[PDB]
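Q: In their complex positions, the first chains:
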Amino acid sequence: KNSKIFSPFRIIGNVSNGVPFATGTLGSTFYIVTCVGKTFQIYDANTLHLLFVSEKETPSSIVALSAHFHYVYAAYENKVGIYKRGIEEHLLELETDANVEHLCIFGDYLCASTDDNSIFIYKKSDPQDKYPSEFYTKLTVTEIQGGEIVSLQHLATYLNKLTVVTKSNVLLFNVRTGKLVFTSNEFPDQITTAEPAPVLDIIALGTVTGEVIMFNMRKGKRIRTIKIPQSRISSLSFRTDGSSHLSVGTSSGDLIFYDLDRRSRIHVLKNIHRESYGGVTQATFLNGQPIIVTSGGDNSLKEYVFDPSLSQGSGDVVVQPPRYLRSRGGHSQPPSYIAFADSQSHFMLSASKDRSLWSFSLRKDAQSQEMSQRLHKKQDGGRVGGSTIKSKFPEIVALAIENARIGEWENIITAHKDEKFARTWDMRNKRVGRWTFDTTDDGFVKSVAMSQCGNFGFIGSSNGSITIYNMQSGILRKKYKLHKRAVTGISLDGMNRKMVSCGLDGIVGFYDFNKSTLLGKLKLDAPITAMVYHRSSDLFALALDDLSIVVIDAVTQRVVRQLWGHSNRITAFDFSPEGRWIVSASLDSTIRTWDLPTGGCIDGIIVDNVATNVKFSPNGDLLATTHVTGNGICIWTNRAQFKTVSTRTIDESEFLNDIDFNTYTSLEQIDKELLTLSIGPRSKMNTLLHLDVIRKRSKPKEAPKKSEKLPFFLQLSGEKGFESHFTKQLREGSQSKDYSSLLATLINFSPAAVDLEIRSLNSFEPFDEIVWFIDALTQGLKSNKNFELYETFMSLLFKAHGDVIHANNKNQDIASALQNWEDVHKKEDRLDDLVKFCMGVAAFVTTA
């Protein structure tokens, strides 16, 4: 399940799963450490932005969390991981084979408590360390001392002592030595929570019936008891602003505030978290403020405040009810359909099976909103009629969007479940749009589509019909009938020209659309389960029923590719943005990437949790999939955006180089007779011809004013043989009659160096050097590469030594060498023949 194209990135749209979150002051300010399965996320408690995210996904889920100033401790399967700023700073493996339930850190000691009633104590090596690492000892709870351990606490001012609240009593250990210095008398109920009060000595214990016992530990006796009847207490927090309040958070969602000075009940808050997914799992008063933060396993996190009184003197007898400050959330239930809204890959719609349609943000996870369903005033002058107690729309099972008219009329169509119309939604205002789109033959909308131009919305039904509606006006325009069984995909071309529809009678019907003809009818084997069209290239992919993908060219109207290799039904799938790949996820828990040129699988991932939607981003950075369990969207990167990706078939093994990297490096020289030029730049020829005039243009217009004492050998003294190398190489070339090495050097000089050398040839009586250079050039034009630069060098030679060879003309050696030069060159005037013909006939063909 390591893959070769996609790699996992993060999982958007999770906030809490129901492990009690932990809080941490940092200076004057607060943060909130929640855990989402195998990660933990850290939120600015003042405004709830996403500061940090755990860096690597822990091996199992996180059992316990605790935080302190800069450090945050998570206790997953067996171990405790100490993290600072997200990155893992210490592992701490506990010498056992039993999971770590609870965890409390106080002073020098970290205290972890397993499930078979044992307490491991890790002590700092020296108190100038910042988190403990020496194993100290291992305190154990024998069954006669107490029941199972429920929580670990450390009350204030208790030197080296640890308050272990078990299911029947409370113990006090002296963790430095470890003698059980105290046992409490057995409570006649089950203890469920514990939490220490901002008065001394006192721990507040919440039992399994509605009974909160304020229990004084120095004396060992109860001082108060408070009865909620018939609730399951699940949270306790002590408001410490100065007003003596208490919030008991039941496991039904009630959050009940008591006033402990006046023995009263201040308030209740009812259904702030859902009864099913756990109720109120943690509910804390931030230390010093009238702010409570509550968090529950329905993937939501909330913040409630206390406004001050209305009354001047009477004060704290008139208590204002606590209102609602701020919150984040996600879906409660796993998601149902996802779709990228816009082509910067910013926003993502996603509908979920608690009937709620969120729009998530990939950049900043505070920009994500839920798209509200508050209907518009009916346009007829009538009454819209539904049950007066409101409930969310049925589960949104198809969804199609266009961004071309955003702001002027609606641009989402959604298709709900067991429901007979579609609803236009908005995306600018984020709200239910004003039109509902019927199907007009009593058939449940099975799939929907939108035109490119954003004017028209097609709604294929389940008795074959196709209805087309204007979206500015919601008003019905056309209605085709070609299928007789259900219609499971609709599509339209970007020229508003050709419409395609695929339906369970194994028919793909092609229509014209400007006029209303029927343009073709293709028949496949099996029912057709999904259509994805791809627009820029006019190709589309039909997930058939016989466990096959069939790609069809929507212009020539015929089946072009047939991708076998799946093994169970195909859930969902998507073309690449560039039309080249298909990702397809299927119910045998695999995701495969297919290449359409080579028509074959080039990648596959086997997933522990079945994937049920798969969607590229349009600007092709990411792949977002969504899974059968777990509320989120899993986001994946794209190594083909950063690298090279080999295309080869693999599925046999798991479950040439030119083509395989689809890139071809051009040849050097095709035939020996065929000409070439120099590979490199093209203005090399022209600078080598006009090197002088160019530099004289470049020189600055005045003269630069310099000093008078200039240390003459500066080109030397920027700090840190006999014959020149080129002339040497030329000479040995003339000795061995092979100038290959010389021509390597002249191809790979620079224009200055070339001109310098060709000026710096010897030019006196036995003209050995001019003869040898001309021989090298002849050999080069014979070898027939670099026609460009050998001609250029000969032109430079005639410029810089035309005088000496014009004078010492009819010397035999120069006569002979120049004749051999003329041999090869008069063979090579055919090039001028070709060019003259090419633009003679080309300009004629163009002008006439």
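A: Structure received. Numbering: from 1, shown residues only, chains lettered A, B, ... in the order given.

Q: residues in contact with the top helix by length along chain A?
A: In chain A, with assignment by DSSP state H, the single longest helix is helix A:787-807. Applying CB atoms under 8 Å, 6 or more residues apart in numbering, the set of residues contacting helix A:787-807 from outside is A:675-678, A:684-685, A:688-689, A:746-747, A:754-755, A:758-759, A:761, A:763, A:767, A:770, A:773-774, A:777, A:780-781, A:814, A:818, A:821, A:828, A:831. (Each C-beta comes from the backbone N, C-alpha and C, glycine too.)

Q: For it, buried residues please.
A: By 16 or more other CB atoms under 10 Å, the buried positions in helix A:787-807 come out as A:787-794, A:796-797, A:800-801, A:805.

Q: same thing with stretch A:595-608?
A: Buried residues in stretch A:595-608, defined by neighbour count with 16+ other CB under 10 Å: A:595-596, A:600-605, A:607.

Q: Cross those residues against strands and list the overlap.
A: Using DSSP state E, the members of the buried residues of stretch A:595-608 that fall within strands are A:595, A:600-605.

Q: got these as TSV, with distance to residue A:663 columns?
A: What follows is those, written out as TSV (distance: CB to CB, whole Å):
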residue	distance to residue A:663
A:595	14
A:600	19
A:601	21
A:602	15
A:603	19
A:604	24
A:605	25
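
Q: Next, give me the two most distant ones among those.
A: Longest distance between any two of these is 16.5 Å, between A:600 and A:605; criterion CB to CB.

Q: How many residues are close by the residue nearest to residue A:479 when sequence neighbours are not counted?
A: Distances taken as CB to CB, 6 or more residues apart in numbering place residue A:467 nearest to residue A:479, at 4.7 Å, with adjacent residues excluded. Neighbourhood size, residue A:467 [other CB atoms under 10 Å]: 22.

Q: Please tell me how far residue A:467 sits from residue A:53.
A: Distance from residue A:467 to residue A:53, counting by CB to CB, to the nearest Å: 46 Å.

Q: can you add chain B next? sequence is:
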Amino acid sequence: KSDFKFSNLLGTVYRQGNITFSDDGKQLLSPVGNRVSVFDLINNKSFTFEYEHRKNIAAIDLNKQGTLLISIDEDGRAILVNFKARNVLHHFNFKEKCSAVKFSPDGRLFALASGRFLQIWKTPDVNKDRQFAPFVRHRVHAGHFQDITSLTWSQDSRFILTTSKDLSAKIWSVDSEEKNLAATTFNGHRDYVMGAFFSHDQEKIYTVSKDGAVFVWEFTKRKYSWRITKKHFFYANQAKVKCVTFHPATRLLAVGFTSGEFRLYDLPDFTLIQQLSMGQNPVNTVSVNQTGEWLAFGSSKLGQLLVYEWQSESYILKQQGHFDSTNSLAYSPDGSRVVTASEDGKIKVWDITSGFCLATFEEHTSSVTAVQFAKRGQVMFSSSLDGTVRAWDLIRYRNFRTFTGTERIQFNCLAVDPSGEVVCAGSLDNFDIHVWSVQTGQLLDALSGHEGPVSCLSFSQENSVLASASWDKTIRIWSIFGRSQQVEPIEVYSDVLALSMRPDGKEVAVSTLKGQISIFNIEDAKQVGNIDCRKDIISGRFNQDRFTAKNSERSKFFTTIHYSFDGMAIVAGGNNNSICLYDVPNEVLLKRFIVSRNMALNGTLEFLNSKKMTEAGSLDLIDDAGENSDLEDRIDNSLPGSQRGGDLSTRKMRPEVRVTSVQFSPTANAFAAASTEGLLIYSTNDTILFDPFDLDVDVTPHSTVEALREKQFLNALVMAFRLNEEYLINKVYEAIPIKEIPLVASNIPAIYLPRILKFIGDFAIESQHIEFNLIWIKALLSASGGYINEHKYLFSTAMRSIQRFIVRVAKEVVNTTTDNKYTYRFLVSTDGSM
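A: Take a look at chain B, now in place beside the chains above:
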């Protein structure tokens, strides 16, 4: 056909920020408005990165392996880019207005001076695939008392020198082992500290101050610690330093003063090596290449980039662009040059591939409103509010004529005949189309008859008729040559404001003020289709607006239009944030391009921010020139309400995004649009999109390779053209042999002829096999000439690309070979010397 990516940004060479050389010494990265460009000085090749900041850039640095690039705009919003593959890795915003970033020369960790804090972070790894947060903090140091301003590492990257507006400088170690080695601070400057550098082996330190003074610090006895050994001073009148650099291997100090001078000093002795005037405007930045001998100056006011070769004094390049001040463009009749007509008075011929101005003409005085080439490459005619319309040669570079008015009106559009002997121009002043004759520079006629100023003119280049259009709400088709002098008007619904003639010469598309493009037929007078546009146009809100953008009808129309060279598309662009590309037969649009996302332009956001608007009024609209620390940055000349004329700060308003003028490319698949920040050049890759043609089941890359290896070369080629994959076509193209080229070229199909021509053009301008290409072209024209001649318009661009290849790159090789031949014949036949 309709897949266009941001190819390039032409017409701007430097805007603001910081200029860097590559690791090689070859390429040059320099920040244009909110994008970095890479100008490749050796292989003469340019580009512009695709990613865009939401405000102007202010710091860049490039890794030492040439691999990562960090660019920070103002307000700390860094973007990390993978330089090899040109695709953004990670956005990360440091809150403050950050002032410099330097990678470590090891390339392990990068230091960043933000505010008064020094944050040293570690790089990510370029091999590791992406993640949520890959920047891992190393330290944050906090010595200074006011801003840092500069930042310099060691050569062995473990000590960092920061200079700051504190009037000071500090050394920070990088290990808390070596804190004791580096805890000291430096002192004594009077004004600021604009640089502090190390020596070549780090036993001396230099500190350069805005007051004009260089201190030389050395660890020495009267224990003993870090005295000031020497003080040297520049002596400017009132220039101050604005940017300092030090190449330590050669010990140069290059200092850019605020007056226009720079001086190259030799530092451990302080001798003046050199001194030159760049311009007259403050030099804003300096860099040097690696080996120490291409300097790189940049001056943001007026926007000029300069690269110097200080050994033998020679500008390797001396260039300058136009912010906001361009009124039009027009391509060369070959897709390689582009002409821009600027509001200054300057016409610049800009190369395309390497974005550098070949030539600059400045004979106009006031702004230049229209440019056209002739149907030649020789002359171009240019029209400006001078009152004259001037003709330019482009071989000897001269005004060979200036047609003038008869009372000097302000000319605002230009149009010139195919056989370039008649020039018409029309103004917004007079509503009479003047017609001059080129040779006798007198004016033939004043074609009159509009009632309302002329907004465009054009010449049907086939039938030679002058169709013009005016705010009259009409079009008039004048037929000027040949005893007729008859004229035919057309009423459009409303107030027309740009025009475009088909290539063919039968149709006129006309972009009006209510927001349609109405496409008429000229032989008749009848409207063969319009396309309604007012909606798909993104007008933003200005900060100085008090009305919603959905009502703001500042910009709901297209002031520029252009057909394709095929007859099928119209690009239109306007006074707004979007360029829209329509298809002409189907009347339905293909793509909408957004010119910029740059919140330092006004028309660019759709919805403003309510955190900004308050009781005072808006919040981006206060004055902060008082906050600036410098007299020339406080001085605010602005003649009140001067809507778009004069220099950029001769008005107190922020620029507006607009497309001043749009054209297609006459050779390639591209188009180009002159707008506020330059000329956006948008173009295409078949080598990325999978757009097959006429496929079937049995056509794979494996099958076509098999068809080569058993030698059915025709079939292998047509399978390549059906699959439509660029490497494949190249592969077969070079496989097939020279004897077999003519039969294949005869037997190719008619449908695939245009594609093979397109491929030969794209390979041909930059490849080397000139015999292979020219043999192919000769065979292709030879065996299918007449068909092309019939279908003249599908092949407009394809044959122009081949013809550019022949006259541009083959023809010189012919010239030099022929020159050489005749020189030999002279030298060896002539009379011997003496």
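
Q: Same as before for the contacts of helix A:787-807, with chain B this time.
A: Helix A:787-807 is contacted from outside by A:675-678, A:684-685, A:688-689, A:746-747, A:754-755, A:758-759, A:761, A:763, A:767, A:770, A:773-774, A:777, A:780-781, A:814, A:818, A:821, A:828, A:831, B:813, B:816-817, B:819-820, B:823-824, B:827, B:830, B:832-834, using CB atoms under 8 Å, 6 or more residues apart in numbering or on different chains.

Q: Narrow those to those that are buried.
A: Listed as buried from the contacts of helix A:787-807 are A:675-678, A:684-685, A:688-689, A:746-747, A:754-755, A:758, A:761, A:767, A:770, A:773-774, A:777, A:780-781, A:814, A:818, A:821, A:831, B:813, B:816-817, B:820, B:823-824, B:827; burial here means 16 or more other CB atoms under 10 Å in any protein chain shown.

Q: Now do the helices in chain A.
A: With DSSP H as the definition, chain A shows helices at residue ranges A:639-642, A:651-654, A:657-660, A:684-689, A:691-698, A:725-736, A:740-747, A:751-759, A:768-783, A:787-807, A:812-827, A:830-847.

Q: Alpha carbons of the fourth one, in PDB - could you do that?
A: By that I understand helix A:684-689. C-alpha atoms of helix A:684-689 as PDB (Å, rounded to 0.1, in the frame of the first residue of the first chain):
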ATOM      1  CA  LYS A 684      26.700  31.900 -31.600                       C
ATOM      2  CA  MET A 685      27.200  32.200 -35.300                       C
ATOM      3  CA  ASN A 686      26.100  35.800 -35.400                       C
ATOM      4  CA  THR A 687      28.200  36.900 -32.400                       C
ATOM      5  CA  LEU A 688      31.200  35.200 -33.900                       C
ATOM      6  CA  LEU A 689      30.700  37.000 -37.100                       C
END
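
Q: tell me the contacts of the residue of the stretch 201-350 of chain A found nearest chain B?
A: Here the stretch 201-350 of chain A gets closest to chain B at one residue, residue A:344, 9.7 Å apart by CB to the nearest CB. Neighbouring residues of residue A:344 by CB under 8 Å, 6+ apart: residue A:619.

Q: Tell me the residues of the stretch 251-400 of chain B that contact chain A?
A: Residues of the stretch 251-400 of chain B lying near chain A by CB under 8 Å from any CB of the partner chain: B:251, B:266, B:271-277, B:292, B:311, B:313-316, B:318.

Q: Drop chain C onto that structure:
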Amino acid sequence: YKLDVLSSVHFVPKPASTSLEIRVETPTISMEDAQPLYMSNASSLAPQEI
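A: Below, chain C sits with the chains from the block before:
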């Protein structure tokens, strides 16, 4: 100049001009602008003018 910038250029032009000026024989590469390539070659006077 100030009055043109104030009036946001829509003015009326100068009356006229015709004033003699002198040009030199010079190569076109020495005339154009400084950057690694070149574009034109022929000398700046014409053969008939020499």
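
Q: same question on the buried residues of stretch A:595-608, but now with chain C added
A: Here stretch A:595-608 shows A:595-605, A:607 as buried, counting by 16+ other CB under 10 Å.

Q: Ok, stretch B:436-444 next?
A: B:436-438, B:443.

Q: Restricted to strands, list those residues.
A: Counting by DSSP E, those contribute B:436-437, B:443 to strands.

Q: ok so, going back, going by distance to residue B:762, which of the buried residues of stretch B:436-444 wins?
A: Comparing those against residue B:762 with CB to CB places residue B:438 closest, at 36.3 Å.

Q: If we check chain C, which of the ones in strands among the buried residues of stretch B:436-444 are in contact?
A: Counting by CB under 8 Å from any CB, no member of these is near chain C.

Q: hmm, back to that, same for chain B: which of the buried residues of stretch A:595-608 are within range?
A: Within the buried residues of stretch A:595-608, those near chain B by CB under 8 Å from any CB are A:596-599.

Q: Any part of the helix of greatest length in chain B near chain A?
A: Looking across chain B with DSSP H, the single longest helix is helix B:811-829. Yes: Helix B:811-829 is in contact with chain A by CB under 8 Å from any CB, via B:811-814, B:816-821, B:823-824, B:827-828.

Q: Name the residues of stretch A:33-49 that are buried.
A: A:33-45, A:48.

Q: Narrow those to those in strands?
A: Residues of these located in strands (DSSP E): A:33-35, A:40-44.

Q: Check the separation of the first and last residues in stretch B:703-723.
A: 11 Å (CA to CA, to the nearest Å).

Q: Tell me how far that stretch lies from the chain's centre.
A: 41 Å (CA atoms, centre = their mean, to the nearest Å).

Q: same question, stretch B:52-68
A: 17 Å.

Q: contacting residues for residue 46?
A: Chain wasn't specified; assuming chain A. A:29-30.

Q: please go with chain C instead
A: Residue C:46 touches residue B:396, counting by CB under 8 Å, 6+ apart.
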